[PDB]
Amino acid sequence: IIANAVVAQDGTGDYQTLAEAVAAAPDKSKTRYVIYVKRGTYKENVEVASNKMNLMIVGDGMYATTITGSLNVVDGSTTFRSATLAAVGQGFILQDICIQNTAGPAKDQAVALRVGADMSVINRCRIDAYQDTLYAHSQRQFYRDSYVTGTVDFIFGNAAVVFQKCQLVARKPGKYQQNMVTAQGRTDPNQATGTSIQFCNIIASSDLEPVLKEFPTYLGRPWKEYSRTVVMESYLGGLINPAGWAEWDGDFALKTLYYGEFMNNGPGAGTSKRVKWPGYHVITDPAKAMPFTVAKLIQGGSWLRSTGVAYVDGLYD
């Protein structure tokens, strides 16, 4: 397959900026339309609206093509509108590209990527910020072979979302901060949403590794009352606090959240000193892990197979 539109800074493409290519893309396309973004750093805030369906934005590699911005809550943006790139168009695919927000930890919430696009795939991407890096807002999403890095609540929202074979990398935050890989925001138990992390690497960056004892990292904290997160068949580095999970605000959500761990490995995977919250579960029964697979949580096959991306449908690698 060849690209339908090319973005490049050296004049060799169809457009100089990503925003222009997205605007010129067809509305309600019944087939995949591909925008290729050549190597370079593109300082823009891009939006892929609901009418821009089945759009694939693909770069020259996750180290080579970068979309960057620095909107943030401290400077007066909402979290929702702080995203460097935001996509809600059904069937969105993002690949071989970096989305970053360079605001830094002192600017509080500053989103790199926001996704509210159903049946979306993020493949071989690098998503880079600090607090609130990845706003997996809503709808069904699949992240594969990607790098997501941040500090406080760096994967947050209320998508039905599976991360598979991603490296989730906690980095050195600001003074006195505590890292949280997830802040899952399911408000209502009738919602079939949640975050599932499977066959992933949850590790420390080189700047966090020397100072693990100063800056703790937890798997998650319950942003909302029915927070629902499971980490399974994954490697957990020593950065992961023995307690595993952190309070949001005292005893808020501790009985109604559902946080699970199933068959993890690595120096941070031991569960004997985990929180004793009623809502926390060491899962040993595979039938209790199954709801968090691609097949059950995001109905993935019905739409993943036509993307070409690799996925594991069930529990085991």
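So that there is no doubt, residue numbering starts at 1 and follows the sequence shown.
Here the stretch with the larger average CA B-factor, out of 101-109 and 140-148, is 101-109. For the two regions 24-32 and 261-269, the entry's Cα B-factors average higher over 24-32. For the set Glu214, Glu233, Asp153, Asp128, the PDB entry assigns the largest Cα B-factor to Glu214. Sorting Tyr218, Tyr135, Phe199, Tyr176 by the CA temperature factor given in the entry leaves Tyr176 at the top. Annotation for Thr68: C-alpha temperature factor in the lowest third relative to the rest of the modelled chain, per the entry. The deposited CA B-factor of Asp188 belongs to the middle third of values across its chain.
Sort the chain's modelled residues by C-alpha temperature factor and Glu247 lands in the middle third, per the entry. For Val294, the recorded CA temperature factor ranks within the middle third of the chain's modelled residues.
In this PDB entry, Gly89 carries a Cα temperature factor that places it within the middle third of its chain's modelled residues.
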